[PDB]
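In the form deposited in one PDB entry, a lone chain appears below as structure tokens.
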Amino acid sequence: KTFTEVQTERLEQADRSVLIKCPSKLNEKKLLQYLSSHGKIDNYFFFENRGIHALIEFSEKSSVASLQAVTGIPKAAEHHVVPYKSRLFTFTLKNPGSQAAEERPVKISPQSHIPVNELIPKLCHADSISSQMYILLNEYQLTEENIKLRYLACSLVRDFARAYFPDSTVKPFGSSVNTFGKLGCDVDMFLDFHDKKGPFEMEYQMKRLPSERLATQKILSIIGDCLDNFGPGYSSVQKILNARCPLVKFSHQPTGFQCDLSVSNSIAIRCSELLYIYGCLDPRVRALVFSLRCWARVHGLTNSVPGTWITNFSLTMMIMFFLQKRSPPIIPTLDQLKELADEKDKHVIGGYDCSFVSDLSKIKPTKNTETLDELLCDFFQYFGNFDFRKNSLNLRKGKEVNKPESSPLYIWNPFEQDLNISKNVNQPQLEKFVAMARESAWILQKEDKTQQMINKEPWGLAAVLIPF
């Protein structure tokens, strides 16, 4: 199960999946027994989002065609609609009178996490700090159902682009696939659209595309407008084509996701695969990232809108660096992963060698056994006393090194020669992070966990996940 194998398997599954707006009065078996007539169904689930929807995953892609064959355009408004046919259906009854089977309630797969205030109680009633972080992890991480929904969303966007770029794919990256995603996070999408004889050389006549950026802007502008007007479920479609990386933001109502669509950047795909590996190598890695993300949000260190704030990605890279520096390391360095690679795993982008192992079995398991109790406090202790003015984080080496340039917080981009991934960060925001980390370390170091439990007060992870 390499990252790339998973992507391909997840996309092929989304390829043969549909969404169905269910009627208020729903008989599960009737619906499935009926749908089974178009072909076998591998998976399905239901979820709540302005009424009940169902994701159905067929075994054959031919089943989707078969279902579409018997699907019609709304009769009452056959002239007041844009007749774009997708895989978003609505299932009403021929004879509403002839409902003829018992009505069971249906199971709702949740697509959002419980809010922070509900979580704090669950954390206090835990036993140790280690358990607290696993509760939080369990409460926040992506479920199987949610993952399928994210891949489906990509597949629906792909179908628009394939109109004129048949070979195109739309693939998710970032949180949605790097194992560090939490429920409610955006779906980041990459559009990837570049993928006998005779006495004549016969060629199709085809319109030539502009220069990369200009092509990107036009392709995304048109896809943006299609989502807007061919819909049906897309709203709040914001074009941000003048950004460094041209972008389209939108909301997808059937699934409920906030989505960001841009043209493929092969570097960002490697970062996502890298984090996947680190995520898959040890469960403490994930448990630690989820807790420290939440911590950063709680104290206002991270924001949703860009600026001088530390970004979740940068913060995630610090956590990886920190884990590279343990005795013994919990995860390997990127150079260690490069040297475990072969010719099959060779990727070279923009000159620089972005190669590393894809098979996890070839990585030797860590000997480290530090508990999350120690690791959380040490994270705060470590970066609370890290000399940021003099040192930078190199994830290739796994070492503190001299800064290539005067910048408050320098984190070496592992896939681009001299690039600081946290270049946005100013001195004030860095100092506020350091102060928060120091306070967090102090609280954990000098608290009575038993006496706080007895008093029904916050303790451990819960004590650091509330304002100071």
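Numbers follow the displayed sequence, beginning with 1. We call the rigid core the largest set of C-alpha positions that still match within 1.5 Å between the two forms.
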Query raised in the report: Is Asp282 without coordinates in at least a third of the other compared PDB entries of this protein that model the residues flanking it?
Result: no
Q.
Does the comparison with other entries of this protein show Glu203 left unmodelled in at least a third of them?
A. no
Of the deposited residues between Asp195 and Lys196, the number without coordinates is 4 to 9
Averaging the C-alpha temperature factors as deposited, the higher value of 11-19 versus 452-460 falls on 452-460
Higher avg CA temperature factor (403-411 vs 436-444, as deposited) belongs to 403-411
Note to self: of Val170, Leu340, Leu288, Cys294, the C-alpha temperature factor tops out at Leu340
Highest CA B factor of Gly231, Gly384, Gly181, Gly279, as deposited, is found at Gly231
Binned into thirds over the chain's modelled residues, the C-alpha B-factor of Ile56 lands in the lowest
Sorting the chain's modelled residues by C-alpha B-factor and splitting them into thirds places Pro121 in the middle
By the entry's values, the third containing the CA B factor of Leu142 is the lowest
The third of the chain into which the C-alpha temperature factor of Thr369 falls is the middle
Quick tally, chain-level thirds of C-alpha B-factors: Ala243 sits in the highest
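Keep in mind that the form deposited in another entry is missing from the display, and what follows is about it.
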After rigid core alignment between the shown form and the other one, the listed option with CA shift of 2 Å or more out of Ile120, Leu183, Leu93, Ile363 is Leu93
Fitting the rigid core first, would the Cα of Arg104 be found 2 Å or more away between the shown form and the other one? yes
Exceeds or equals 2 Å, Cα of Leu209 between the shown form and the other one, core fit: yes
Against the displayed form, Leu220 vs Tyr204 by Cα, in that other deposited form, with 3 angstroms or more change: pair is closer
The CA atoms of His53 and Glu102 move 3 Å or more in that other deposited form, ending up closer
